[PDB]
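S.K.: Quick one: the structure is below, questions incoming.
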Ligand SMILES: O=C(O)CCc1c[nH]c2ccccc12
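See the structure below:
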């Protein structure tokens, strides 16, 4: 698809047999989601947006479907107001910013 | 242009007559630029993201050249870690996400 930006670029994501919603975010390096009791070991990490820093849990090798497209990568889990698909997964689905 | 997301989508912008560098951010409703002086009256505003809220001065109807494309719209001046072009101006230059 070609998604204009008049509203938030929200898509359906599936991760661990749970359908959720996420923002296609060109300004996020990493993918940040709410808790979904992800399987596997994790590492603690700090991330920051405008407003300061949050404590997150880093899970690698996570399988996720983004608007139908299958992707695999690092998903950080922490207190994020909205679920965020960062460039790290956006590149996997071939997402580009065009104008 | 078509911009892949293997690195931060940074572009040259011109604002207040100054050339600056800024991030094309589809996850941002608003445009947030580091401390600079701009013409017209501003109003005090608080914007939120990950980590919490910051205080910005809101200027309306600011002319801005994003990667050679003129746009007019609201610009928030504040203590941002990086200059951010939000959807409010991305829509002004016809930017779309594509995959
Ligand atoms: O003092 C300033 O220079 C601006 C203060 C300011 C900007 N946005 C704000 C929001 C709430 C309270 C104060 C502010």
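Chains as they are written, first to last, in the authors' numbering: chain B, 1 to 99; chain A, 1 to 99. Ideal Cβ placement from N, Cα and C applies to all residues, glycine included.
At 7 Å on the CB atoms, spell out the chain B contacts of residue 10(A), in chain order.
M.R.: Within the second chain, residue 10(A) is the residue found at index 10, counting from 1. Within chain B, no residue comes near residue 10(A); the closest Cβ sits about 10 Å away, beyond 7 Å.
S.K.: Between which residues of its own chain and residue 49(A) is the CB-CB distance below 8 Å, once the five residues before and five after are set aside?
M.R.: Taking the first residue of the second chain as 1, we reach residue 49(A) at position 49. Correct list, in chain order: 28.
S.K.: Taking the alpha carbon of residue 57(B) as the reference point, which residue from 63(B), 74(B), 67(B) has its own alpha carbon closest?
M.R.: The residue labelled residue 57(B) in the question sits at position 57 within the first chain. Ranking the options by Cα distance to residue 57(B), first place goes to 74(B).
S.K.: For residue 84(B), return the contacting residues in chain A, with the cut-off set at a CB-CB distance below 7 Å.
M.R.: Position 84 of the first chain, counted from the start, is the residue given in the question as residue 84(B). Neighbours of residue 84(B) on chain A, chain order: 27.
S.K.: Grab the span of the beta strand (DSSP E) containing residue 98(B) for me, first residue to last.
M.R.: Position 98 of the first chain, counting from 1, holds the residue named residue 98(B). Here the beta strand (DSSP E) through residue 98(B) covers 96-98.
S.K.: Does the CB of residue 57(B) have a neighbour CB from chain A at under 9 Å?
M.R.: Taking the first chain and counting its residues from 1, the one referred to as residue 57(B) is at position 57. Chain A, which has no Cβ nearer than 9 Å to the Cβ of residue 57(B), makes this no.
S.K.: Is the beta carbon of residue 38(B) sitting closer than 9 Å to the one on residue 23(B)?
M.R.: Start at 1 with the first residue of the first chain, and residue 38(B) comes out as number 38. Start at 1 with the first residue of the first chain, and residue 23(B) comes out as number 23. No.
S.K.: Tell me, which residues are paired with residue 76(B) by DSSP?
M.R.: For this step, residue 76(B) is matched to residue 76 along the first chain. The partner list for residue 76(B) (beta bridge, DSSP) reads 32(B), 58(B).
S.K.: Residues around ligand 1, please: the condition is that the C-beta lies closer than 6 Å to some non-hydrogen atom of it.
M.R.: Any residue whose Cβ sits closer than 6 Å to a heavy atom of ligand 1 makes the list: 44(A), 45(A), 46(A), 55(A), 56(A), 57(A).
S.K.: Ends of the alpha helix (DSSP H) at residue 90(B)?
M.R.: Locating residue 90(B) in the first chain gives position 90, where the first residue counts as 1. 87-90 is the extent of the alpha helix (DSSP H) around residue 90(B).
S.K.: Would you call the CB atoms of residue 87(A) and residue 8(B) closer than 9 Å?
M.R.: Along the second chain, one-based indexing puts residue 87(A) at 87. Along the first chain, one-based indexing puts residue 8(B) at 8. Yes. Within cutoff.
S.K.: Do residue 33(B) and residue 84(B) have their beta-carbon atoms positioned less than 9 Å apart in this structure?
M.R.: Counted from its first residue, the first chain places residue 84(B) at position 84. Counted from its first residue, the first chain places residue 33(B) at position 33. Yes, Cβ-Cβ distance for residue 84(B) and residue 33(B) is below 9 Å.
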